[PDB]
Structure formats: structure tokens, C-alpha cells
Amino acid sequence: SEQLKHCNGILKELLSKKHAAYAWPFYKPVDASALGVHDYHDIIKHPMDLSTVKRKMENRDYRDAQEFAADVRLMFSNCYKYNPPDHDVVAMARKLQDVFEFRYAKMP
Ligand SMILES: C=CC[C@@H](C(=O)OC)[C@@H]1N=C(c2ccc(Cl)cc2)c2cc(OC)ccc2-n2c(C)nnc21
């Protein structure tokens, strides 16, 4: 669909150089143990990240744009859920969600 196309564009923007300063925490799945964090998967039921979104997109695993949005939003929600509101990673999530929500709203 033309909506899934629009979403692919958004994904590419989220991955582009412009946003790399606050998008990077979300490039790959959280490796919590590597960060010295060992309850992440007790708190977070379903991990999400942009490489996963990209894999689904590439593999045509998204039934519609709303499923795409559900994943991206979940990626942010996990971050907000697990971390305190003053966390710098939360700031990064908010800045990147700035981008996502705005471009997603421009969807035909
Ligand atoms: C998993 C551990 C919890 C957070 C943490 O305090 O890690 C030390 C963590 N912080 C970070 C984190 C903390 C501060 C800043 Cl400014 C950016 C990212 C984090 C880092 C990463 O490096 C590859 C990848 C994922 C991260 N992440 C995401 C997504 N959600 N929370 C985090």
C-alpha cells in the first residue's frame, strides 16, 4: 500500500544521519546485560528496536501502517516504562518520537 511506503520513508528518516545523535540507543535490541542491567526483561514484556522494525518492513511482516506505528510506539513506551522520567535516554526517545509522530501524521 501507499501507506506502508510512507512508513518505510519514516523508518529511513529515523535511521538517517540527521537524527543519529538521539536515535542511536534504538538502533539495535537492548542488550541489557551488557549494560549491567538485569531486570529489563522482567519489566519489559516485548522488546522492540529499529532493526526489528526494519526486518519486519523488509520481510513484509507488517499487515498495515497501524501495526508499524504500534511497533515504533512500543519501542518508545518500553523506554519510558523501564526508565525514570529524568533519564537522558528518555530525552532521546522523546526527541526521536517528535520525528516519528509528526511524519506519521502526514500519512496519506
Ligand atoms: C537497558 C538498560 C536501561 C537503560 C540504562 O540505564 O542503561 C545503562 C538504557 N540506556 C541507554 C542510554 C542511556 C543514556 C543515554 Cl544518553 C542513551 C542511552 C541505552 C544505551 C544503548 O547503547 C547501545 C542501548 C540502549 C539503551 N536503552 C534503551 C533503548 N532503553 N533504556 C536504555
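For this deposition, the record names X-ray crystallography as the technique by which the model was determined and cites 1.950 Å as its resolution.

**A look at the layout of surface pockets**
Roughly 450 Å³ of volume is contained in the largest pocket. Together, 22 residues line the largest pocket, and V30, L35, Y40, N83 and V89 are the ones closest to its centre. Those elements that place two or more of their residues in the lining of the largest pocket are α5 (65–82) and α6 (88–105). Among the elements that make up the lining of the largest pocket, the one with the highest residue count is α5 (four residues). The residue makeup of the lining of the largest pocket, split by class, is 15 nonpolar, three polar and four charged.

**Some words on the side chain of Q97**
Relative to the helices and strands, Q97 resides in helix α6. On the basis of relative accessible area, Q97 is assigned to the buried category, the value being 17%. Contacts of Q97, omitting those with residues within four sequence positions, involve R73, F76 and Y80.

**A look at the environment of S1**
Inspection of the secondary structure puts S1 in the segment before α1 (2–15). The spacing of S1 and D64 is 63 residues in sequence and 8.2 Å in space, taken between C-alpha atoms. Looking at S1, its side chain comes within polar contact range of the main-chain nitrogen of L4, at 3.1 Å.

**Description of the site of the ligand**
For the ligand, the set of nearby residues contains 14 residues, the closest of which are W24, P25, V30, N83 and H87. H87 places a polar side-chain atom, nitrogen or oxygen, 3.2 Å from an oxygen atom of the ligand. Burial of the ligand by the surrounding chains reaches 73%, relative to a free accessible area of 660 Å². Given that more than half its atoms are within 2 Å of the pocket grid, the ligand belongs to the largest pocket. Of the residues contributing to the shell around the ligand, the split by class is 11 nonpolar, two polar and one charged.

**Quick notes on helix α4 (residues 50–58)**
Of all the positions in α4, only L50, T52, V53, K56 and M57 are classed as buried. The arc that holds every buried residue of α4, seen down its axis, measures 160 degrees, which confines them to one face. Packing partners of the buried residues in α4 comprise α1, α5 and α6. Within two residues after α4, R60 carries a phi angle of roughly 60 degrees, on the positive side.

**With respect to the side chain of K56**
Residue position: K56 is located in helix α4. For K56, which is buried and forms no salt bridge, the nearest opposite charge comes from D71, at a distance of 4.8 Å. Among all residues touching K56, those that are not within four sequence positions of it are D61, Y62 and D71.

Reading the values: the criteria
- Residues numbered from 1 in each chain as written, not as in the entry; some residues may be left out.
- Heavy atoms only, no water.
- 1 Å grid on protein atoms, 1.4 Å probe; cavity = no way out; pocket = protein on both sides within 12 Å on 5 of 7 lines; lining within 4 Å.
- Points joined across faces, edges and corners; volume = space filled by probe spheres on them.
- Helix = DSSP H or I, 4+ residues; strand = E, 2+ residues; numbered from the N terminus.
- Nonpolar A, V, L, I, M, F, W, Y, C, P; charged D, E, K, R; others polar.
- Buried < 20%, exposed > 50% of the residue type's maximum accessible area, 1.4 Å probe, protein only.
- Contact = heavy atoms within 4.5 Å.
- Polar contact = N/O pair within 3.5 Å; in protein donor to acceptor, adjacent residues only side chain to side chain.
- Near = heavy atom within 4 Å.
- Areas by Shrake-Rupley, 256 points an atom, 1.4 Å probe, with all protein chains shown as cover.
- Sits in = over half its atoms within 2 Å of the grid points.
- Arc of directions from axis to C-beta.
- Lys, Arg positive; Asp, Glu negative; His and termini not counted.
- Salt bridge = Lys/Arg side-chain N within 4 Å of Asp/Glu carboxyl O.

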